[PDB]
Every structure is written in C-alpha cells, then in structure tokens.
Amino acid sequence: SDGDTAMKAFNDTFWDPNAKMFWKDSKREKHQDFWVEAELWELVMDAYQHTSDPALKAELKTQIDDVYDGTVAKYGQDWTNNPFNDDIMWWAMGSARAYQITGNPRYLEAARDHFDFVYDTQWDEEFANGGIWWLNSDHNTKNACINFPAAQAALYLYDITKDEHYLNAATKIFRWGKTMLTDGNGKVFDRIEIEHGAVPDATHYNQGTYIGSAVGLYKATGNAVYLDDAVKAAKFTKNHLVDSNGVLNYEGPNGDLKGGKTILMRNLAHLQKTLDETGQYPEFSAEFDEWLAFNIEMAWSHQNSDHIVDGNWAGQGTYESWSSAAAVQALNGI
C-alpha cells in the first residue's frame, strides 16, 4: 500500500513520459542531473522489487527500460566522455541491477564496460596508497562517492558473473576505503585531497554506500568483520547525522547532498534485512528498527495532498525530485 502509493505519486509528479526522464522539480522545466537520474532509476527498481501489485510491477519493469532509453537519447550509450568517474560508476551500478531484473544484454555490456574503464584506468597505488580518482580529467582527489559505489558495482557484477575478478576488486577497494576514508569506527570521510590529506566531512550518501558495500562483502565472503563494519557506520549515522530528536539531517543547500537520504535509506534497508535474517546484533537491530520506523513516520507526516514529501523531514510551493525521493525510497526498502 504505502510504498505503492508513494511511488505512483512520485511518478505522477516527476516522471516525463515524453523525454523518458524525471523532471528536476515540479515546475517541469529541466530534467534531472545525470548521476541523480541513476539513483532515481534504482528507486524504480526498488519499487519493482518491493511491490506485490502485479499491474504496478509490470509498469515499473517497463519504466526500468524507459529510464535507460531517455538517458541514452540525451547522453549516449558510452559515458566515458564524462569527466566524473562517480557519474560513470553510479550508471554502471544501476546497469548491473537492470541486467539482474531484465536480462537485457545491453545492461550487462554497459555495467562491465564502464566498471572496467574506471577500475582498470582510474585506480592508483601511489597517492594515498590506493583508491580510485574522483575525475578522469584531473587527478587531485580520491572520494568516498566513487570508491564505495565502485565496490558495490563490483559486488553486483560478481553476483551476476561469479568471476572472482569482481570479488577481488570489491575486497581491495573496500579495504583501501575503510583504511583511508574512515576513522575505523564508522565515520566515513568525504575524500582525500592531494597536497592536503583527508577531508573528514561525513554525509548520508557516503555512510550509505560504505554500509551497502560492507553488507555485500559480508554476504559474499562470510567474514563477520564486514557486518561489524556496517553496524558501526549505521550507529555513527543514527547518533551523529541526525537532529536533536534523532531525525536524519537535511543536508542542503548543496543540490547533490539534498537527496542523499535516498542512497542512505536504500543501503540501511540491506543492513536491516541481514540483521533480521541472521539474528546478529539483536540489541542494535531492535534499536535500529525503531529508529528507522520513527524517521519514516515523521517524514510521511509531512506529506502534502499529492502524497509528496520534501526532504526536510523535520519540517514544512515547488518540490524537487531528488529531495523528495528519500521518503519514497524509505517505503520501498529491499
């Protein structure tokens, strides 16, 4: 019910069936940014997986293909002309997931070709002892927002192919990222900048991809340290990226961060599922579940009459698709 309603409302408000892209906001004057569009693509896939309504499920499955078509019409099929390695990797990850759902070989090609471009040419051992560069134009920083998503993309490709190449890549990337882009106790740093060092600013989306990569590695390897890694990062988020009532922060004004709760919620759902499944960390699991439900209820209590929820979950014209996606994601967790 609620996840179905939330997704249908989001589509009614933001989906452009003519361009086959989401609008950036309810003024319907500009389509969504390239990288963010991959994250809305994954929202469609999560709703597809979450729904028990067969009619909605089939509509969402078609929409998975249409989102790709709309983006390819505007941006092409070869994204390696984009100087942002993260942009490429968000799309490689989405493509791997789209392949798992549809079996359409164009998605496996897209995922594998773009993952290889980034991992094979943009990994460097010299600066900071490892890590993938943020950009393929200039090599000045190595960022959480490329490295943890790269580990996740590798995990999906391992799941598809069973090629140990991809598990080995995930393991290597994650080990470097845990060492160089975290404090060892679940705080994920934004980036490490050449001639400066680490920039220890934490954000929702980087907590999220660290958590998802850790959960995926736990499932692929059987090494309990990874589940512990995930739990520590979830605790940090719950205690340190929230307001005084425990509601997740609103990260504006930066446009990229405003919707980051979307990526966080997607990955917190993976941890919740694994904790429920395994029975590990039962004390934390109970606390975590209660805190998640609280956040979701507060967010949805601010829905407008069209069932759209702005990204400021703690409070109150024009609604933006990225900021509004997080509440929809929260009701479509898998």
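In this text, rigid core is short for the largest set of C-alphas that superpose within 1.5 Å between two forms. Residue indices: 1-based, along the sequence shown.
- In 4 other deposited structures of this protein, superposed by the rigid core, the C-alpha atoms of 99 to 107 lie farther from the shown form than the other of 99 to 107 and 229 to 237.
- When the other compared entries with both flanking residues are checked, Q316 is unmodelled in at least a third.
- Unmodelled deposited residues between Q316 and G317: 1 to 3, per the record.
- For the segment pair 36 to 44 and 290 to 298, the entry gives 290 to 298 the higher mean B-factor, averaged over Cα atoms.
- Once the C-alpha B-factors are averaged per stretch, 213 to 221 and 181 to 189 rank with 213 to 221 first.
- Take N85, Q152, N254, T161 and read off each C-alpha B-factor from the entry; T161 has the highest.
- Taking the PDB entry at face value, the top CA B factor among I146, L241, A96, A73 belongs to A73.
- Among the modelled residues of its chain, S305 has a C-alpha B-factor that falls in the highest third according to the deposited record.
- In the PDB entry, a CA B factor belonging to the lowest third of its chain's modelled residues is recorded for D124.
- Annotation for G208: CA B-factor lies in the lowest third of the chain's modelled residues.
- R106 sits in the highest third of its chain by CA B factor, as recorded in the PDB entry.
- Split the chain's modelled residues into thirds by C-alpha temperature factor. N11 is in the middle one.
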